[PDB]
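Down below is the structure, laid out as structure tokens.
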Amino acid sequence: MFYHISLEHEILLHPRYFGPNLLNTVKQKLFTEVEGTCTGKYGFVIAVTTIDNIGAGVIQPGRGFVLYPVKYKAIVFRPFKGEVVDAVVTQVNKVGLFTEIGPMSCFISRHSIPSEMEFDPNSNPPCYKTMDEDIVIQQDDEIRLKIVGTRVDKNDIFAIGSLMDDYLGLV
Amino acid sequence: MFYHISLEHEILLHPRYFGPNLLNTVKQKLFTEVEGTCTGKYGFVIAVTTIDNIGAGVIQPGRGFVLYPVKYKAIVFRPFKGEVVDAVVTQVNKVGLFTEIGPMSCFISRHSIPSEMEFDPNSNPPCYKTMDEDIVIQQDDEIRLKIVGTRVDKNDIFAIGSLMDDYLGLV
Amino acid sequence: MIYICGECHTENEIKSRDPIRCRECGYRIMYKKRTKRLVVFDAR
Amino acid sequence: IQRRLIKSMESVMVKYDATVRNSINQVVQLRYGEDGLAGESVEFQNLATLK
Amino acid sequence: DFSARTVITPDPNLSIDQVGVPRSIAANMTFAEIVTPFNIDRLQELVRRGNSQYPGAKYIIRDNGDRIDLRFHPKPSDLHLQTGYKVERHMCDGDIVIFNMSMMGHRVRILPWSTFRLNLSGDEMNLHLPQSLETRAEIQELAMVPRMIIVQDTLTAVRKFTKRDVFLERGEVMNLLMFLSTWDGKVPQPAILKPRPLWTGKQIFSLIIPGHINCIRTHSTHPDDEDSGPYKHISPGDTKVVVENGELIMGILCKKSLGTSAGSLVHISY
Amino acid sequence: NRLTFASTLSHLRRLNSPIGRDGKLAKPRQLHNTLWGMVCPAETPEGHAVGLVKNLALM
Amino acid sequence: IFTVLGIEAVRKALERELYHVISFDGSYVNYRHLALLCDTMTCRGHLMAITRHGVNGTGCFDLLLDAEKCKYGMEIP
Amino acid sequence: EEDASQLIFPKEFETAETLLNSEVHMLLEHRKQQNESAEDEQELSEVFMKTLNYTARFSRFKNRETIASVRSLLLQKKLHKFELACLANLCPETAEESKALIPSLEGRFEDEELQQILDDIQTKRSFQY
Amino acid sequence: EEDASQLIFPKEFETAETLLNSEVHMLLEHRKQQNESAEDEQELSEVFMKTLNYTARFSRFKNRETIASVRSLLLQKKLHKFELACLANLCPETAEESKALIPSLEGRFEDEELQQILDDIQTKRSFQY
Amino acid sequence: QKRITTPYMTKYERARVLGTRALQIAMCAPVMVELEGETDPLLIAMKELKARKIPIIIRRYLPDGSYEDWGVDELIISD
Amino acid sequence: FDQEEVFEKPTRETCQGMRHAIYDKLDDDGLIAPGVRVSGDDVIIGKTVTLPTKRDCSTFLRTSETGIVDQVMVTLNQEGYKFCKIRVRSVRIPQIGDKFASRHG
Amino acid sequence: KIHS
Ligand SMILES: [Zn+2]
């Protein structure tokens with residue numbers, strides 16, 4: 001889910017960037033450190049809107065690197081547990097549907113999929129279709145799923161979804 | 001340091017030991033599980049004096065292993081931080097004196113040793129002796145040291161000592 | 001392996017990593033004649 | 001409806017004190033069915049002391 | 001151990017609790033069993049069979065928890081097992097399976113063909129096998145079909161069978177009584193001894209009724225005025241069902257009398 | 001659908017009910033009188049999408 | 001009925017409405033099952049909508065081993 | 001220990017205001033425009049591109065006026081901020097769908113009033129053709 | 001977060017009563033005797049052997065009577081249980097040595113009274129020859 | 001003593017007691033009753049319940065937190 | 001540019017990663033000729049990727065049905081790369097599990 | 001179905 005937050009990030013600036021208008025270098029540096037990354041607590045930081053303020057630069061003893069606490073406004077994508085949200089299917093395998101909820105990728109297990117659905121390796125391309133053929137989930141298909149749980153791995157958030165709940169599927 | 005404690009240990013008993021007087025098997029089993037081991041919280045369990053009581057055996061569902069909570073009286077060796085205690089030297093190296101405080105082994109760093117002391121590789125056997133030769137620490141020498149800190153590793157407690165404090169040495 | 005053109009139905013030998021085209025036609029679809037290893041058929 | 005009803009009564013059970021309680025241990029009914037009898041063994045009959 | 005779903009077909013011969021399963025599906029499914037001296041030889045032979053033969057074991061688990069695949073069979077010594085081991089022997093006859101939150105357990109019977117067999121009394125299903133013995137014992141004690149509780153092809157024939165018109169010759173009676181599991185072994189005395197023996201349908205059905213259960217029911221085509229008339233006990237149309245000492249003395253059975261309801265032969269017997 | 005020749009013919013003449021506000025407000029699933037001679041009444045897929053998909057009449 | 005007669009009266013009214021629809025087609029359901037549903041909804045003193053989540057255990061007793069009863073017994077082997 | 005259905009989550013996100021998928025696309029577009037031309041910097045991260053496609057594909061509104069109208073319309077009610085974006089992003093067809101997908105709404109919204117809100121969103125969301 | 005000098009340690013050890021190095025040897029000997037002969041079991045763990053040598057080497061008392069006398073003598077005073085074994089195990093020569101080695105004693109013990117206690121321990125500890 | 005639970009044994013208790021005992025029997029557990037060739041472990045435990053020899057003691061947890069120790073032999077089973 | 005797909009027999013030596021299956025069915029060109037019976041898990045077309053030694057990525061039978069390849073087609077796709085299609089023919093005998101339906105009902 |  002998308003939110004508007006005010007976060008704090010300590011920026012490490014090399015003394016080489018102590019030239020005129022060094023604040024510009026700090027401002028542009030913040031567009032690379034917290035931009036495009038995925039903090040495990042607040043989720044993916046997709047973009048940064050503006051900068052609130054830049055704190056005083058404290059020089060760390062011994063290290064010689066000035067620390068600049070800067071406050072900025074950014075939008076994060078934090079998947080809350082037990083939240084239903086639309087997703088896009090990127091691939092389908094016997095294990096289960098592989099979905100894509102925005103920047104992150106959510107995996108759907110076969111057990112979580114309703115029993116009526118049955119994987120078909122013959123059909124080109126693969127798509128979980130039930131016997132009645134009423135509902136079929138192809139690749140790049142907009143489907144709604146509920147995230148039972150989320151786990152953080154290697155500075156990334158991996159989500160697990162399910163469709164056992166009512167009104168989860170193509171609609 | 002040696003203490004007298006009453007600990008709790010859940011004993012896992014196989015159904016094969018459900019024969020007559022099975023309580024004896026539980027009693028003898030406790031003399032192998034908590035005996036000779038080294039818990040990281042209470043230190044080395046050098047010996048067990050007696051058994052207080054044996055609780056009711058609860059059968060774990062599915063597993064089929066009956067769990068017997070048993071209370072026993074035992075003596076532990078827990079090295080408290082910042083505690084001065086006698087030690088026995090087991091080996092001497094350029095890095096520093098290697099001591100032995102009962103069941104565990106405590107290592108003394110060269111820096112912690114007083115500056116007056118100087119390692120002598122020529123002397124057979126090695127022994128940290130100062131220039132004045134007044135005090136010499138040979139192997140198997142009873143010396144007093146203060147444990148600055150202790151760390152738990154692989155179910156064992158490793159202690160670090162020092163002799164900078166007054167009245168630490170051969171006396 | 002030996003293939004068959006889908007237009008003239010003539011044998012044309014095509015090797016590995018070779019363009020698929022019939023010399024007599026230029027036709028771009030080729031078929032395989034048959035395998036010399038026969039199978040067992042039971043009337044059931 | 002079937003799924004909804006089960007979820008709202010999944011934790012409802014009869015305890016050893018002949019009382020109906022949920023996971024939170026709240027008393028739903030003092031006695032199961034207000035009588036404390038199973039619904040399978042009961043048989044239909046008409047007592048003839050009122051008609 | 002979820003199995004591959006397959007279509008369902010009926011099988012009157014199988015008991016309602018029993019379920020038919022093909023060899024191929026049972027081969028994939030495995031049931032871990034703890035080996036004991038009383039059945040040490042049974043596991044010794046099954047493991048020797050191998051995975052190529054249907055009565056085999058997919059894996060064998062030692063006391064330390066190591067699993068050895070039986071497909072390769074590298075050493076004969078590894079094949080040998082000790083007491084207390086766990087062997088994932090393939091499903092065989094007599095095992096308990098559970099399928100469609102209330103689920104009914106069933107006893108698996110191996111049949112040659114592929115489709116599942118169920119004694120209904122179509123849609124694909126997947127049968128689940130309880131690996132643990134504790135839950136297997138619990139399932140067979142409370143989740144079985146008898147504790148959970150007739151086809152339309154039998155009720156229609158039952159009404160015709162119990163009709164007073166139906167008369168069974170000695171030859172016909174023999175075949176019917178052969179299929180009767182709850183038979184004392186003694187042929188009942190014919191209702192019409194002369195000029196030739198002729199057992200009525202009710203007499204054969206009387207042995208079908210278990211024990212001594214008494215109940216009174218009415219046929220669907222039972223005139224209301226018949227009960228008030230003098231012929232209430234002797235029904236002109238045999239529309240009144242009465243059972244005494246487990247014997248169907250009179251009346252044509254139907255869904256009202258034999259089918260599940262507030263009062264019925266099946267309900268009273270239960 | 002090339003499973004059967006009849007299926008192929010039906011698919012080519014297949015019709016779809018309107019979607020969105022127009023379809024939502026109306027009752028495309030229900031069979032109307034105007035279908036007489038224009039859209040086959042009997043032919044309709046079975047399921048939730050019953051009556052939404054139809055087939056053109058022969059003539 | 002809740003705002004006029006109270007939650008207690010709703011329990012009977014809810015039973016009647018539930019039984020009325022169930023008995024309309026001739027089907028019958030045991031009163032104990034029907035009463036349980038009404039009691040759960042009104043257990044908190046106010047009408048509660050049935051859990052809309054609709055996503056969908058023998059632990060009230062524990063088996064304990066006794067050494068006294070194990071004094072007798074011979075191993076099968 | 002957090003669950004969206006029960007409206008439990010870290011206290012930090014309480015101060016944050018939710019954003020719509022279509023609205024975020026505008027913010028991403030503003031970020032994309034300046035980076036592409038305003039300053040000579042490295043190409044945007046793959047994460048930024050991935051979310052841009054997701055927002056564009058699921059964008060339920062054409063222009064800011066439609067987005068603002070829905071935001072203003074839902075702000076008048078007691079809708080929680082978490083439900084503000086979730087309802088608009090999901091676009092439930094009817095009131096029954098929204099409550100099942102959003103358990104929170106059932107707590108303080110009736111079957112009739114909410115239906116009058118979802119249908120309003122339908123009149124705002126624009127279809128391709 | 002625990003320090004012996006400041007008398008801070010896990011609350012569990014408070015109930016425990018300290019033991020002397022020589023006294024522990026007796027307990028180990030009792031454990032050793034039964035295992036060796038009373039029951040046929042596996043040989044004692046290497047940890048048990050290692051501590052047995054440590055206690056025997058640093059055993060400051062010959063028999064139980066000497067151990068009991070020192071324990072009773074120190075029990076009459078307000079000596080903390082942690083200091084009870086530590087003082088006896090260390091056997092400080094003079095009062096000044098004990099306080100520096102044991103910071104706790106300096107809090108509630110004077111330079112004169114404690115000296116009268118350490119010298120008593122000296123009269124009890126037995127030398128080889 | 002002072003036990004207020006029903007003297008009879010519930011079906012759930014019977015199923016679990018036999019199941020747990022049967023699992024124990026399969027793990028080389030001793031059998032109190034005489035063995036007359038019954039190989040299947042469930043049969044061994046079934047007759048043990050009939051003879052009132054199963055060592056298992058049922059601890060019924062009351063909803064208030066109290067527990068009552070009811071022996072299988074003490075409980076009245078239905079045969 | 002570095003890695004490309006090719007059609008050839010995935011020999012056990014030249015190929016590092018492979019799946020346990022019978023490879024005698026494939027011909028010198030990596031394509032099974034018409035008339036060969038195929039049953040269970042069997043490779044019917046040989047494809048390998050020259051990862052930066054090659055890794056096997058052949059295609060096996062979708063199911064375990066026993067069938068005989070009917071015809072084999074080798075072509076060039078729109079991109080110009082070699083492209084082939086093969087039709088596996090199997091005979092199904094009606095059995096107890098097959099579903100039969102009348103013209104109505 | 002079964003072959004799958
Ligand atoms: Zn040609």
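By order in the structure tokens, chains are A, B, ...; within a chain, residues start at 1; ligands start at 1, following the order shown.
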
Exercise for review: Using only C-alpha atoms, find the residues of chain A whose closest atom to chain K is at most 12 Å away, then write them as a list in words.
Suggested key: residues 94, 119, 120, 121, 122, 123, 124 and 126 of chain A

Check your understanding: Counting only C-alpha atoms, what is within 12 Å of residue 32 (chain C), bar same-chain residues fewer than 4 positions away, as number ranges by chain?
Key -> C: 1-6, 9-14, 36; K: 27, 29, 31-35, 69-75, 84-87

Requested write-out: C-alpha atoms of the selected residues, as a short mmCIF file (atom, residue, chain, number, x, y, z; two decimals), in the first residue's frame:
```cif
data_model
loop_
_atom_site.label_atom_id
_atom_site.label_comp_id
_atom_site.auth_asym_id
_atom_site.auth_seq_id
_atom_site.Cartn_x
_atom_site.Cartn_y
_atom_site.Cartn_z
CA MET C 1 19.04 -35.75 -41.16
CA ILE C 2 16.95 -36.34 -44.29
CA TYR C 3 13.82 -34.18 -44.50
CA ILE C 4 10.92 -33.75 -46.93
CA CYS C 5 9.75 -30.49 -48.48
CA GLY C 6 6.10 -29.70 -47.83
CA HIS C 9 7.71 -33.69 -51.37
CA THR C 10 11.31 -34.45 -52.33
CA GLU C 11 14.19 -35.65 -50.17
CA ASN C 12 16.59 -32.91 -49.07
CA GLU C 13 19.46 -33.53 -46.66
CA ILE C 14 19.80 -30.79 -44.02
CA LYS C 36 14.11 -47.00 -38.95
CA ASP K 27 18.43 -38.44 -33.45
CA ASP K 29 19.79 -33.48 -35.03
CA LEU K 31 14.66 -34.26 -32.99
CA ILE K 32 12.86 -37.58 -32.56
CA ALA K 33 11.93 -39.04 -35.93
CA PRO K 34 8.32 -40.03 -36.69
CA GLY K 35 7.32 -43.57 -35.78
CA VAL K 69 5.03 -39.33 -32.62
CA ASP K 70 2.99 -38.79 -35.80
CA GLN K 71 4.89 -36.16 -37.79
CA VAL K 72 7.80 -33.78 -37.26
CA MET K 73 8.06 -30.27 -38.72
CA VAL K 74 11.17 -28.07 -38.89
CA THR K 75 10.75 -24.41 -39.84
CA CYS K 84 10.24 -26.92 -35.09
CA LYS K 85 6.93 -28.55 -34.18
CA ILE K 86 6.17 -32.21 -33.48
CA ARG K 87 2.79 -33.86 -32.94
#
```

Check your understanding: Which one is closest to chain G: E:36, E:113, E:219, E:161? Count only C-alpha atoms.
Key -> E:36

Exercise for review: Pick out the chain F residues within 12 Å of chain A. Count only C-alpha atoms. Give them as a ChimeraX atom specification.
Suggested key: /F:45-50,53

Could you please take those selected residues and save C-alpha atoms as a tab-separated table (two decimals), in the first residue's frame?
```
chain	number	residue	atom	x	y	z
F	45	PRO	CA	-22.71	-21.34	-21.47
F	46	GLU	CA	-23.49	-22.71	-18.02
F	47	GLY	CA	-21.97	-21.05	-14.96
F	48	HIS	CA	-21.81	-17.55	-13.54
F	49	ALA	CA	-21.48	-16.15	-17.07
F	50	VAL	CA	-24.83	-17.65	-18.08
F	53	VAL	CA	-22.38	-15.23	-24.07
```

Give me, as a tab-separated table, the closest atom pair and its distance (Å, one decimal) for every residue of chain A within a cut-off of 12 Å of chain E, counting only C-alpha atoms, rows sorted by chain and rising number.
```
residue	atom	partner	partner_atom	distance
A:110	CA	E:2	CA	11.3
A:111	CA	E:2	CA	9.8
A:115	CA	E:125	CA	9.3
A:116	CA	E:124	CA	9.4
A:117	CA	E:5	CA	11.3
A:118	CA	E:5	CA	9.4
A:119	CA	E:4	CA	11.6
A:130	CA	E:124	CA	11.6
A:131	CA	E:124	CA	9.6
A:132	CA	E:123	CA	11.3
```

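CA of residue 64 (chain H) lies 25.6 Å from CA of residue 79 (chain A).
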
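For residue 2 (chain L), the residues within 7 Å (counting only C-alpha atoms, excluding itself and residues fewer than 2 positions away along the chain) are residues 4 and 6 of chain E; 4 of chain L.
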
Check your understanding: Do you know which residues are at most 9 Å from residue 44 (chain I) counting only C-alpha atoms, after dropping those on the same chain fewer than 6 positions away, and could you put them as a count of residues only?
Key -> 4

**Study point:** residue 71 (chain I) environment, 12 Å, only C-alpha atoms, sequence neighbours closer than 2 positions dropped, as a VMD selection string
**Key:** chain I and resid 17 to 20 22 to 23 61 64 to 69 73 to 77 79 81 83 to 89 117 120 to 121 124

Exercise for review: Tell me which protein, DNA and RNA residues are within 12 Å of residue 29 (chain A), counting only C-alpha atoms, leaving out same-chain ones fewer than 3 positions away, and put them as a ChimeraX atom specification.
Suggested key: /A:9-14,17,22-26,32-35,51,68,70 /H:41-42

Would you write out, as a tab-separated table, a table of all residues in chain B that have an atom no more than 7 Å from an atom of chain J, listing for each the closest atom pair and the distance in Å to one decimal, considering only C-alpha atoms and ordering rows by chain and rising residue number?
```
residue	atom	partner	partner_atom	distance
B:15	CA	J:29	CA	5.8
B:16	CA	J:28	CA	5.3
B:18	CA	J:29	CA	5.9
B:19	CA	J:30	CA	6.1
B:64	CA	J:24	CA	7.0
```

Exercise for review: as number ranges by chain, please: all residues of chain G that backbone DSSP puts in alpha helix (DSSP H).
Suggested key: G: 7-24, 31-41

Exercise for review: Could you find all residues in chain F that DSSP calls strand (DSSP E) from the backbone, and write them as number ranges by chain?
Suggested key: F: 14-16, 53-55

Take the residues from that selection and put them in a file with N, CA and C atoms, as a short mmCIF file (atom, residue, chain, number, x, y, z; two decimals), in the first residue's frame.
```
data_model
loop_
_atom_site.label_atom_id
_atom_site.label_comp_id
_atom_site.auth_asym_id
_atom_site.auth_seq_id
_atom_site.Cartn_x
_atom_site.Cartn_y
_atom_site.Cartn_z
N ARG F 14 -20.49 -16.47 -32.23
CA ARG F 14 -20.69 -16.16 -30.82
C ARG F 14 -20.94 -14.67 -30.62
N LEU F 15 -21.74 -14.36 -29.60
CA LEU F 15 -22.06 -12.99 -29.24
C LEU F 15 -21.73 -12.77 -27.77
N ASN F 16 -21.47 -11.51 -27.42
CA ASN F 16 -21.14 -11.13 -26.05
C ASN F 16 -22.06 -10.00 -25.60
N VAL F 53 -22.92 -14.76 -22.80
CA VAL F 53 -22.38 -15.23 -24.07
C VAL F 53 -23.46 -16.02 -24.79
N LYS F 54 -23.74 -15.65 -26.04
CA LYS F 54 -24.77 -16.32 -26.83
C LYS F 54 -24.25 -16.61 -28.23
N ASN F 55 -25.13 -17.11 -29.10
CA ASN F 55 -24.77 -17.46 -30.47
C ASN F 55 -25.80 -16.89 -31.43
#
```
